[PDB]
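A short write-up of the structure that comes next.
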Amino acid sequence: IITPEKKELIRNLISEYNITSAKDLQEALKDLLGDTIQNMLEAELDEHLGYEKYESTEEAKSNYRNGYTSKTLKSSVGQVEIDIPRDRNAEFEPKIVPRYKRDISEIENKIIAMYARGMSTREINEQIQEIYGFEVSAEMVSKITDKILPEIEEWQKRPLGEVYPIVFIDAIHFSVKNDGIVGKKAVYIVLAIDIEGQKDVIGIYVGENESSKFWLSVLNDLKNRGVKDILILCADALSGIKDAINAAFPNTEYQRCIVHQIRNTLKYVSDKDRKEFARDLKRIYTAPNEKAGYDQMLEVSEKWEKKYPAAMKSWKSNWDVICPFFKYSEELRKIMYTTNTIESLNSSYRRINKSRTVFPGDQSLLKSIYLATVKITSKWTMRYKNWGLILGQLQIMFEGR
Amino acid sequence: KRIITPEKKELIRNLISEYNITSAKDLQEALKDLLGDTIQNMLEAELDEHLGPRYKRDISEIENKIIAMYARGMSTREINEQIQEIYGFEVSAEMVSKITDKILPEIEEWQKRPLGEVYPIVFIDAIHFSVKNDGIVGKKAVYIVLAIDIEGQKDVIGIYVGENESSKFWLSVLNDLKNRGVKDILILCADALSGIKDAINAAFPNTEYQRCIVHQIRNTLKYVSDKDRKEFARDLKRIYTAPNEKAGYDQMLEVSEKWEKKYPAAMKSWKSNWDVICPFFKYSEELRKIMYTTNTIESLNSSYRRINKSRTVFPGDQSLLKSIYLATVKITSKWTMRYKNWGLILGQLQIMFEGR
DNA sequence: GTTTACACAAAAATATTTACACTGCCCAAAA
DNA sequence: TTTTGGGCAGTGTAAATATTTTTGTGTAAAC
């Protein structure tokens with residue numbers, strides 16, 4: 001795609017700017033960008049005033065141009081200086097480079113993508129100064145990433161699908177400066193798999209876990225747009241969620257989250273060197289029926305009563321909520337006990353917010369979490385394996401859906 | 001002021017007509033799509049100009065940016081993406097290596113810079129070895145020699161590599177230091193093994209100095225667990241806060257009796273080396289603090305870890321030296337601040353070594 | 001006669017700096 | 001022995017803060 005006219009243009013620009021090396025070529029690149037912008041601005045001024053430099057007009061020329069004024073631009077190649085013309089009454093408006101605009105490059109989206117990757121504002125400042133030439137302070141990075149706040153509000157009011165077969169609820173704790181004191185806030189991510197087998201984060205909510213109805217409030221938000229029943233929801237049983245869903249979504253079959261149970265009870269305080277009893281814990285959720293699952297749970301409890309005893313106690317306490325997991329098919333069971341669909345989420349946030357220790361205000365935390373969630377969900381075009389079969393099993397197990 | 005010529009006016013007009021330029025981004029992408037391959041070919045021809053210091057080739061702006069990205073530990077795909085986004089052409093890993101090869105005369109000048117005659121304190125530290133390849137693999141180790149001089153500025157003096165415990169390697173290091181201009185070292189701290197005794201007694205022996213403190217703690221707590229290192233940290237904190245040397249001996253015997261059943265073979269070495277560690281307590285509290293701070297060593301180790309993760313790609317015969325030099329200069333650029341309460345330390349050093 | 005360039009300030013838009021209010025993370029240590 | 005404090009090193013960003021650009025208008029030079 002090399003046009004001979006482009007070749008002649010290259011030869012002419014090499015001849016006019018006297019390019020003899022690569023350094024000369026880059027200097028001439030900067031000079032050529034500046035000259036082109038200045039020429040276009042002079043053409044725009046000629047179009048605005050309606051006459052060229054020093055040319056008479058029959059009608060009384062209402063306003064005279066009165067020289068140039070300097071301005072330094074921030075471009076992709078580097079920092080360039082140009083001279084822009086000016087009208088006496090200051091009526092002319094530049095088109096390519098508008099008034100007071102010096103960051104003509106399109107680095108905004110790149111800065112936002114770097115901040116979503118987990119880079120600090122000062123890290124981004126140093127990186128941009130090193131690999132671009134011009135300076136962008138940390139507060140400038142903050143004001144640039146503030147531009148997606150209407151996007152955040154539209155994502156919070158984003159219209160969701162009608163039916164969601166499987167839902168997961170996860171919690172991630174951070175520190176937040178509220179009312180002048182730094183306390184602690186837990187952010188709850190509501191992820192869901194749709195009818196086609198595609199998982200996509202549907203909700204992100206700031207916790208404020210002082211009251212229980214706030215939890216219910218989240219469901220009410222779903223009641224605002226997710227008006228259909230959820231065939232299965234998987235949440236870490238905490239803070240009186242049972243009453244919330246049973247009064248909001250009573251049709252939903254509420255089971256204890258298997259992977260959250262594994263994370264919270266058998267591994268919160270676990271012997272690090274021999275964590276590999278999940279291979280036997282698989283024996284619990286690879287059982288055909290719930291009675292065999294209870295028997296294998298008793299067996300592994302007998303196996304693990306030598307270590308700290310409080311591990312298997314939670315299984316005995318919550319088996320009443322864990323029992324509906326066995327009614328599902330093996331392909332359905334797979335979706336339950338796969339911690340990789342949950343851990344990979346949490347760890348991802350952990351690997352994104354590794355450098356952000358304390359978030360000033362709720363909205364900064366919300367910005368960072370929305371950016372991380374978008375960066376993660378961008379690659380989530382893969383559908384679920386053996387889906388459609390799962391849809392048939394769902395419609396058989398739930399005849400009215 | 002830029003007075004433009006009518007021929008350049010026609011050039012700009014033809015450019016705008018060819019690329020249909022209406023906004024600034026249109027102009028930038030037009031310049032990219034027009035000059036990408038041109039810049040690529042010019043760069044490859046200018047780097048292959050020798051085979052296609054006395055003669056040090058000049059560096060370009062884009063080459064300086066590539067050097068900066070090389071120092072930041074960026075992946076080859078990532079720097080390729082950045083260059084494609086800015087200038088509009090691809091850079092292969094071999095091109096990256098050929099571009100980075102241009103800072104070698106700078107490394108020569110940095111390794112041959114004239115030094116002062118007397119340096120109060122000198123440390124030599126070792127880090128892990130990402131072995132270079134010219135047909136062999138090595139058991140050798142990377143050493144950085146950093147010294148604090150009569151004033152209060154810290155600066156890395158040398159970067160060396162060798163057989164790691166031959167007396168000849170240490171002797172060559174000290175002889176290079178003496179050739180660069182050094183004539184007497186007041187305090188030297190090296191990794192305690194063979195060879196350094198003879199190297200000191202044959203290279204810089206105004207007085208014997210085997211004062212090793214930060215080297216001993218790391219050498220003894222390397223073969224222990226980080227979970228217990230905090231308890232080891234508390235016990236060694238009790239060990240280095242002793243006012244007298246005999247109190248330090250008592251604390252050492254106590255911690256050895258406490259830890260000889262969980263890790264018997266480590267602290268034994270300490271006892272075996274206690275004859276050498278004794279003169280450390282002769283210093284005042286300030287000299288002790290300046291010695292065992294190790295914060296600069298930890299910063300250097302973190303930079304070298306960022307280099308070992310991402311920069312060990314090409315032959316380290318020049319690449320390892322480039323990476324270490326870039327990390328050291330990145331530290332020393334903003335590492336020019338003077339030292340804390342250096343005047344009292346200087347008085348104590350001048351009274352402690354009076355015949356200077 | 002006109003037209004534009006240039007030079008001073010003052011206003012306005014923008015981007016840098018300071019200041020949090022902490023979190024981690026080492027120690028120098030007391031009860 | 002475990003619990004305090006005390007620097008240091010980070011963070012995102014509100015609020016003073018400095019900087020750069022644009023403007024008002026008066027001249028000096030140019031067409």
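Ordering of the structure tokens sets the chain letters (A, B, ...), residue numbers begin anew at 1 in every chain, and ligands are numbered from 1 in the order given.
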As number ranges by chain, could you give me every residue of chain D near chain B (at most 12 Å apart, counting only C-alpha atoms (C1' of nucleotides))?
D: 1, 8-9
Would you list which chain A residues are within 6 Å of chain B using only C-alpha atoms, as a compact mmCIF listing (two decimals) with N, CA and C atoms, in the first residue's frame?
# COMPACT_ATOMS: atom_id res chain seq x y z
N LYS A 23 18.36 11.31 13.31
CA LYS A 23 18.16 12.46 14.19
C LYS A 23 17.62 13.65 13.40
N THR A 36 2.89 22.35 9.44
CA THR A 36 1.58 21.99 8.90
C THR A 36 0.46 22.57 9.75
N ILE A 96 -8.35 22.90 14.30
CA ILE A 96 -7.55 21.72 14.57
C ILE A 96 -7.11 21.70 16.03
N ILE A 131 8.60 8.13 28.11
CA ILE A 131 8.37 7.58 26.77
C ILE A 131 7.56 8.52 25.88
Identify all chain C residues at most 10 Å from chain B by counting only C-alpha atoms (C1' of nucleotides); ligands do not count. Present them as a list in words.
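Going by the stated atoms only, the list reads residues 26, 27 and 28 of chain C.
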Write out, as a CSV table (one decimal), in the first residue's frame, the residues just selected, with N, CA, C and O atoms (P, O5', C5', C4', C3', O3' and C1' of nucleotides).
chain,number,residue,atom,x,y,z
C,26,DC,P,9.0,-5.8,56.0
C,26,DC,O5',10.5,-5.6,56.7
C,26,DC,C5',10.5,-5.2,58.1
C,26,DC,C4',11.5,-4.0,58.3
C,26,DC,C3',12.1,-4.0,59.6
C,26,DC,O3',13.4,-4.6,59.6
C,26,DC,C1',11.1,-1.9,59.1
C,27,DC,P,14.3,-4.8,61.0
C,27,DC,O5',15.0,-3.5,61.2
C,27,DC,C5',15.5,-3.1,62.5
C,27,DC,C4',14.9,-1.7,62.8
C,27,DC,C3',15.1,-1.3,64.3
C,27,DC,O3',16.0,-0.1,64.3
C,27,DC,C1',12.9,-0.9,63.6
C,28,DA,P,17.3,-0.1,65.2
C,28,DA,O5',17.4,1.4,65.7
C,28,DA,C5',16.2,2.2,65.9
C,28,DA,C4',16.1,2.6,67.3
C,28,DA,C3',16.6,1.6,68.4
C,28,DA,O3',17.3,2.3,69.5
C,28,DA,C1',14.3,2.0,68.8
Give me, as a tab-separated table, the closest atom pair and its distance (Å, one decimal) for every residue of chain C within a cut-off of 7 Å of chain A, counting only C-alpha atoms (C1' of nucleotides), rows sorted by chain and rising number.
residue	atom	partner	partner_atom	distance
C:3	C1'	A:54	CA	5.8
C:4	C1'	A:66	CA	5.4
C:5	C1'	A:67	CA	4.8
C:13	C1'	A:100	CA	6.4
C:15	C1'	A:140	CA	6.6
C:16	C1'	A:137	CA	6.7
C:21	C1'	A:182	CA	6.6
C:22	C1'	A:182	CA	6.2
C:23	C1'	A:357	CA	5.7
Using only C-alpha atoms (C1' of nucleotides), find which residues of chain D lie within 8 Å of chain A and jot them down as a PyMOL selection string.
chain D and resi 10-13+21-23+31
Save out the residues we just selected, N, CA and C atoms (P, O5', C5', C4', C3', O3' and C1' of nucleotides), as a compact mmCIF listing (two decimals), in the first residue's frame.
# COMPACT_ATOMS: atom_id res chain seq x y z
P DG D 10 8.98 4.64 47.25
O5' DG D 10 7.45 4.40 46.82
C5' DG D 10 6.45 5.31 47.25
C4' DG D 10 5.07 4.68 47.14
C3' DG D 10 3.97 5.64 46.70
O3' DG D 10 3.82 5.62 45.27
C1' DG D 10 3.34 4.62 48.74
P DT D 11 2.90 4.55 44.51
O5' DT D 11 1.40 5.07 44.75
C5' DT D 11 0.33 4.14 44.88
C4' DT D 11 -0.97 4.84 45.27
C3' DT D 11 -1.19 6.21 44.65
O3' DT D 11 -1.73 6.11 43.31
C1' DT D 11 -1.82 6.21 46.97
P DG D 12 -3.19 5.48 42.99
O5' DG D 12 -4.25 6.58 43.47
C5' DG D 12 -5.53 6.14 43.93
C4' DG D 12 -6.51 7.30 44.15
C3' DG D 12 -6.77 8.20 42.96
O3' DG D 12 -8.15 8.56 42.98
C1' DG D 12 -5.83 9.49 44.75
P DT D 13 -8.79 9.50 41.84
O5' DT D 13 -8.94 10.91 42.59
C5' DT D 13 -9.56 10.95 43.87
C4' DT D 13 -9.20 12.23 44.62
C3' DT D 13 -9.35 13.52 43.80
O3' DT D 13 -10.02 14.50 44.58
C1' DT D 13 -7.23 13.43 44.80
P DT D 21 2.14 28.21 26.32
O5' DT D 21 0.65 28.77 26.16
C5' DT D 21 -0.45 27.92 26.46
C4' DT D 21 -1.76 28.68 26.36
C3' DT D 21 -1.92 29.54 25.11
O3' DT D 21 -3.21 29.36 24.57
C1' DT D 21 -2.26 30.86 27.04
P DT D 22 -3.56 29.92 23.11
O5' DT D 22 -4.50 31.18 23.41
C5' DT D 22 -5.68 31.00 24.17
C4' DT D 22 -6.20 32.34 24.68
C3' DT D 22 -6.41 33.40 23.59
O3' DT D 22 -7.78 33.78 23.55
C1' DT D 22 -5.29 34.29 25.51
P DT D 23 -8.30 34.83 22.46
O5' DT D 23 -8.30 36.22 23.25
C5' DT D 23 -8.94 36.30 24.51
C4' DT D 23 -8.58 37.59 25.22
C3' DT D 23 -8.80 38.88 24.41
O3' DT D 23 -9.59 39.79 25.16
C1' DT D 23 -6.68 38.88 25.42
P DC D 31 6.50 44.18 3.49
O5' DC D 31 5.26 44.41 2.50
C5' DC D 31 4.00 43.82 2.80
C4' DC D 31 2.86 44.69 2.29
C3' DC D 31 2.99 45.12 0.84
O3' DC D 31 2.25 44.23 0.00
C1' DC D 31 2.11 46.86 2.29
What separation in Å, quoted to one decimal, exists between atom CA of residue B:280 and atom CA of residue B:187?
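Atom CA of residue B:187 lies at a distance of 10.7 Å from atom CA of residue B:280.
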From a DSSP pass on the backbone, collect the residues of stretch 207-325 of chain B flagged as alpha helix (DSSP H) and hand them back as an MDAnalysis selection string.
chainID B and resid 214:221 226:240 245:259 264:272 274:277 285:291 295:310 319:325
To one decimal in Å, tell me the separation between atom CA of residue A:337 and atom CA of residue A:229.
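Here the two named atoms are 22.2 Å from each other.
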Excluding residue B:47 and any residue of its chain fewer than 5 positions from it, enumerate the residues within 9 Å of it, using only C-alpha atoms (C1' of nucleotides), and give them as a list in words.
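With the cut-off at 9 Å, the set is residues 42, 52, 95, 98 and 99 of chain B.
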Stretch 7-102 of chain A: residues DSSP assigns to strand (DSSP E), reported as a ChimeraX atom specification:
/A:65-74,79-87
Residue D:26 surroundings by only C-alpha atoms (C1' of nucleotides), 12 Å radius, close-in-sequence under 6 positions cut, as a list in words:
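Here the qualifying residues turn out to be residues 66 of chain A; 6, 7, 8 and 9 of chain C.
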Take the residues from that selection and write them out as a PDB file, in the first residue's frame, keeping N, CA and C atoms (P, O5', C5', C4', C3', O3' and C1' of nucleotides).
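Result file follows (selection_7.pdb):
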ATOM      1  N   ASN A  66      -3.652  41.164  13.924  1.00  0.00           N
ATOM      2  CA  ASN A  66      -2.627  41.942  14.611  1.00  0.00           C
ATOM      3  C   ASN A  66      -1.520  41.042  15.152  1.00  0.00           C
TER       4      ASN A  66
ATOM      5  P    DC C   6       6.643  39.922  14.427  1.00  0.00           P
ATOM      6  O5'  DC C   6       6.775  40.853  15.716  1.00  0.00           O
ATOM      7  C5'  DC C   6       7.215  42.195  15.564  1.00  0.00           C
ATOM      8  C4'  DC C   6       7.039  42.974  16.854  1.00  0.00           C
ATOM      9  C3'  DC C   6       7.194  42.151  18.136  1.00  0.00           C
ATOM     10  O3'  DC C   6       8.080  42.818  19.010  1.00  0.00           O
ATOM     11  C1'  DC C   6       5.192  43.404  18.201  1.00  0.00           C
ATOM     12  P    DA C   7       8.722  42.049  20.262  1.00  0.00           P
ATOM     13  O5'  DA C   7       8.251  42.929  21.507  1.00  0.00           O
ATOM     14  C5'  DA C   7       8.269  44.348  21.412  1.00  0.00           C
ATOM     15  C4'  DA C   7       7.387  44.967  22.476  1.00  0.00           C
ATOM     16  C3'  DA C   7       7.436  44.264  23.833  1.00  0.00           C
ATOM     17  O3'  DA C   7       7.470  45.226  24.876  1.00  0.00           O
ATOM     18  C1'  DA C   7       5.212  44.393  23.087  1.00  0.00           C
ATOM     19  P    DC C   8       8.754  45.334  25.836  1.00  0.00           P
ATOM     20  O5'  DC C   8       8.128  45.531  27.292  1.00  0.00           O
ATOM     21  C5'  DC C   8       7.208  44.577  27.805  1.00  0.00           C
ATOM     22  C4'  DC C   8       5.930  45.257  28.260  1.00  0.00           C
ATOM     23  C3'  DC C   8       5.141  44.497  29.306  1.00  0.00           C
ATOM     24  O3'  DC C   8       5.630  44.814  30.599  1.00  0.00           O
ATOM     25  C1'  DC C   8       3.686  45.306  27.600  1.00  0.00           C
ATOM     26  P    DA C   9       4.987  44.121  31.899  1.00  0.00           P
ATOM     27  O5'  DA C   9       3.718  45.035  32.242  1.00  0.00           O
ATOM     28  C5'  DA C   9       2.934  44.753  33.395  1.00  0.00           C
ATOM     29  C4'  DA C   9       1.461  44.997  33.120  1.00  0.00           C
ATOM     30  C3'  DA C   9       0.536  43.876  33.569  1.00  0.00           C
ATOM     31  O3'  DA C   9       0.125  44.078  34.945  1.00  0.00           O
ATOM     32  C1'  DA C   9       0.070  44.442  31.306  1.00  0.00           C
TER      33       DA C   9
END
Polymer residues at most 8 Å from stretch 348-353 of chain A, only C-alpha atoms (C1' of nucleotides), same-chain spacing of 3 or more positions, as a ChimeraX atom specification:
/A:116-118,344-345,356-357,369,372,376
I need the chosen residues saved as an mmCIF file, in the first residue's frame, with N, CA, C and O atoms.
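The resulting selection-v7.cif:
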data_model
loop_
_atom_site.group_PDB
_atom_site.id
_atom_site.type_symbol
_atom_site.label_atom_id
_atom_site.label_comp_id
_atom_site.auth_asym_id
_atom_site.auth_seq_id
_atom_site.Cartn_x
_atom_site.Cartn_y
_atom_site.Cartn_z
ATOM 1 N N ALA A 116 -6.234 1.565 34.528
ATOM 2 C CA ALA A 116 -7.030 0.360 34.725
ATOM 3 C C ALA A 116 -6.147 -0.868 34.909
ATOM 4 O O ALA A 116 -6.552 -1.825 35.579
ATOM 5 N N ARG A 117 -4.945 -0.858 34.328
ATOM 6 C CA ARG A 117 -4.011 -1.967 34.491
ATOM 7 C C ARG A 117 -3.507 -2.088 35.924
ATOM 8 O O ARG A 117 -2.991 -3.146 36.300
ATOM 9 N N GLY A 118 -3.655 -1.045 36.728
ATOM 10 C CA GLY A 118 -3.178 -1.034 38.089
ATOM 11 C C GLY A 118 -1.980 -0.143 38.357
ATOM 12 O O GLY A 118 -1.355 -0.284 39.416
ATOM 13 N N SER A 344 -10.044 -16.484 40.295
ATOM 14 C CA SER A 344 -9.432 -15.688 39.235
ATOM 15 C C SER A 344 -9.989 -14.272 39.217
ATOM 16 O O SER A 344 -9.270 -13.320 38.898
ATOM 17 N N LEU A 345 -11.270 -14.113 39.553
ATOM 18 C CA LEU A 345 -11.816 -12.773 39.730
ATOM 19 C C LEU A 345 -11.132 -12.066 40.892
ATOM 20 O O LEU A 345 -10.452 -11.049 40.706
ATOM 21 N N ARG A 356 -2.677 0.055 45.440
ATOM 22 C CA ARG A 356 -3.617 1.015 46.015
ATOM 23 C C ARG A 356 -4.022 0.514 47.396
ATOM 24 O O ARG A 356 -4.888 -0.354 47.525
ATOM 25 N N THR A 357 -3.395 1.068 48.434
ATOM 26 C CA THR A 357 -3.657 0.615 49.796
ATOM 27 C C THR A 357 -4.933 1.231 50.360
ATOM 28 O O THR A 357 -5.822 0.513 50.830
ATOM 29 N N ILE A 369 -12.414 0.195 40.693
ATOM 30 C CA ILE A 369 -13.016 -1.127 40.567
ATOM 31 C C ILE A 369 -13.733 -1.271 39.232
ATOM 32 O O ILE A 369 -13.672 -2.328 38.597
ATOM 33 N N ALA A 372 -10.970 -1.831 36.629
ATOM 34 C CA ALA A 372 -10.466 -3.200 36.692
ATOM 35 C C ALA A 372 -11.483 -4.191 36.137
ATOM 36 O O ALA A 372 -11.119 -5.137 35.425
ATOM 37 N N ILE A 376 -10.975 -6.666 32.921
ATOM 38 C CA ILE A 376 -11.110 -8.116 33.013
ATOM 39 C C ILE A 376 -12.159 -8.629 32.032
ATOM 40 O O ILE A 376 -11.922 -9.595 31.298
#
Residue B:179 environment, 12 Å, only C-alpha atoms (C1' of nucleotides), sequence neighbours closer than 6 positions dropped, as a PDB file with N, CA, C and O atoms, in the first residue's frame:
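And here's around.pdb as it stands now:
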ATOM      1  N   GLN B 111      33.048   2.872  34.192  1.00  0.00           N
ATOM      2  CA  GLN B 111      33.939   1.945  34.876  1.00  0.00           C
ATOM      3  C   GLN B 111      35.377   2.438  34.937  1.00  0.00           C
ATOM      4  O   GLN B 111      36.176   1.868  35.686  1.00  0.00           O
ATOM      5  N   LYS B 112      35.726   3.471  34.168  1.00  0.00           N
ATOM      6  CA  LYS B 112      37.079   4.015  34.161  1.00  0.00           C
ATOM      7  C   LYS B 112      37.142   5.433  34.723  1.00  0.00           C
ATOM      8  O   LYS B 112      38.112   6.152  34.464  1.00  0.00           O
ATOM      9  N   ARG B 113      36.130   5.852  35.488  1.00  0.00           N
ATOM     10  CA  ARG B 113      36.124   7.230  35.963  1.00  0.00           C
ATOM     11  C   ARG B 113      37.109   7.401  37.119  1.00  0.00           C
ATOM     12  O   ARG B 113      37.236   6.512  37.966  1.00  0.00           O
ATOM     13  N   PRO B 114      37.820   8.528  37.173  1.00  0.00           N
ATOM     14  CA  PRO B 114      38.826   8.717  38.227  1.00  0.00           C
ATOM     15  C   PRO B 114      38.172   8.867  39.593  1.00  0.00           C
ATOM     16  O   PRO B 114      37.192   9.599  39.752  1.00  0.00           O
ATOM     17  N   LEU B 115      38.722   8.164  40.576  1.00  0.00           N
ATOM     18  CA  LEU B 115      38.193   8.151  41.930  1.00  0.00           C
ATOM     19  C   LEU B 115      39.113   8.920  42.869  1.00  0.00           C
ATOM     20  O   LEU B 115      40.267   9.213  42.547  1.00  0.00           O
ATOM     21  N   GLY B 116      38.582   9.246  44.044  1.00  0.00           N
ATOM     22  CA  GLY B 116      39.370   9.901  45.064  1.00  0.00           C
ATOM     23  C   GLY B 116      40.426   8.981  45.645  1.00  0.00           C
ATOM     24  O   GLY B 116      40.401   7.762  45.482  1.00  0.00           O
ATOM     25  N   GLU B 117      41.383   9.592  46.349  1.00  0.00           N
ATOM     26  CA  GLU B 117      42.491   8.821  46.903  1.00  0.00           C
ATOM     27  C   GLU B 117      42.043   7.978  48.091  1.00  0.00           C
ATOM     28  O   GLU B 117      42.377   6.791  48.183  1.00  0.00           O
ATOM     29  N   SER B 172      42.249  -8.371  41.699  1.00  0.00           N
ATOM     30  CA  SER B 172      42.055  -7.589  40.482  1.00  0.00           C
ATOM     31  C   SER B 172      41.075  -6.445  40.710  1.00  0.00           C
ATOM     32  O   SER B 172      41.256  -5.349  40.169  1.00  0.00           O
ATOM     33  N   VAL B 173      40.028  -6.682  41.504  1.00  0.00           N
ATOM     34  CA  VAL B 173      39.076  -5.614  41.810  1.00  0.00           C
ATOM     35  C   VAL B 173      39.768  -4.486  42.568  1.00  0.00           C
ATOM     36  O   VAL B 173      39.638  -3.304  42.221  1.00  0.00           O
ATOM     37  N   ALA B 203      46.738  -5.937  48.785  1.00  0.00           N
ATOM     38  CA  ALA B 203      46.316  -4.828  47.939  1.00  0.00           C
ATOM     39  C   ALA B 203      46.182  -3.517  48.694  1.00  0.00           C
ATOM     40  O   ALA B 203      46.781  -2.510  48.296  1.00  0.00           O
TER      41      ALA B 203
END
